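One structure below.
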Amino acid sequence: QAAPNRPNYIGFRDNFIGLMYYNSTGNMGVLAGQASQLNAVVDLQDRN
Amino acid sequence: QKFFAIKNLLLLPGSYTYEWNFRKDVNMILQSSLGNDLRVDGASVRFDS
């Protein structure tokens, strides 16, 4: 007696909640003016 | 950094292009201890990054 395997849907997350290391102070982006290159996006690890 | 004119240089603010060329031949950059010629018996590979 065979049967169909339980269906896996698979796909990307809602508004891509993932791909985008938001909120990892270590691997966090930047938007600082070029010839200052200090930073403009200071990200904590509290907010999500 | 091994150059004498850059090894201890102090930089000023700005954007600079730092470029260098590496060796990936085993016989040059992998000292043995009998000198059998690595380059005939095997070696290095990447420089993955």
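By convention here, the chains of the structure tokens are called A, B, ... in the order presented, each chain's residues are numbered starting at 1, and ligands are numbered starting at 1 in the order presented.
Summary of the local environment: counting only C-alpha atoms, residues at most 10 Å from segment 18-22 of chain A, other than itself and those fewer than 4 positions away along its chain, are residues 12, 13, 14, 26, 27, 28, 29, 43, 44, 45, 47 and 48 of chain A.
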Give me a file of those residues, with C-alpha atoms, as a compact mmCIF listing (two decimals), in the first residue's frame.
```txt
# COMPACT_ATOMS: atom_id res chain seq x y z
CA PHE A 12 11.41 32.52 -0.10
CA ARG A 13 10.19 34.26 3.02
CA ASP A 14 7.52 36.94 3.27
CA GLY A 26 28.79 42.14 13.13
CA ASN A 27 27.65 41.73 9.54
CA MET A 28 25.83 45.04 9.13
CA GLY A 29 25.72 47.26 6.08
CA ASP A 43 22.46 48.68 14.04
CA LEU A 44 21.94 47.32 17.54
CA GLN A 45 21.14 43.71 18.43
CA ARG A 47 15.52 45.75 17.73
CA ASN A 48 14.39 43.29 15.07
```
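The shortest atom-to-atom distance to chain B, with only C-alpha atoms taken into account, belongs to A:38 out of A:1, A:23, A:38, A:46.
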Counting only C-alpha atoms, what are the residues of chain B within 10 Å of chain A, and for each of them which pair of atoms is the nearest and at what distance in Å, to one decimal? Sort the table by chain and rising number, as a Markdown table.
```
| residue | atom | partner | partner_atom | distance |
| --- | --- | --- | --- | --- |
| B:13 | CA | A:35 | CA | 8.2 |
| B:14 | CA | A:35 | CA | 6.8 |
| B:15 | CA | A:35 | CA | 7.7 |
```
Q.
What does the structure give for the distance between atom CA of residue 3 of chain B and atom CA of residue 27 of chain B, in Å to one decimal?
A.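 These two atoms are separated by 22.4 Å.
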Q | Two-atom distance - atom CA of residue 25 of chain A, atom CA of residue 41 of chain A (Å) | A |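 Going from atom CA of residue 25 of chain A over to atom CA of residue 41 of chain A covers 10.0 Å.
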Q) What does the distance from atom CA of residue 20 of chain B to atom CA of residue 46 of chain B come to in Å, to one decimal? A) 16.3 Å
Q) Could you pull the residues within 6 Å of residue 30 of chain A, counting only C-alpha atoms, minus those fewer than 2 positions along the same chain, as a VMD selection string? A) chain A and resid 32 39 to 41
So that I have them on file, write out the residues from the current selection with C-alpha atoms, as a PDB file, in the first residue's frame.
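part-v1.pdb, freshly written:
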```pdb
ATOM      1  CA  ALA A  32      28.047  56.481   4.951  1.00  0.00           C
ATOM      2  CA  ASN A  39      28.954  54.863   8.722  1.00  0.00           C
ATOM      3  CA  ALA A  40      25.308  55.898   8.543  1.00  0.00           C
ATOM      4  CA  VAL A  41      23.459  52.758   9.652  1.00  0.00           C
TER       5      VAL A  41
END
```
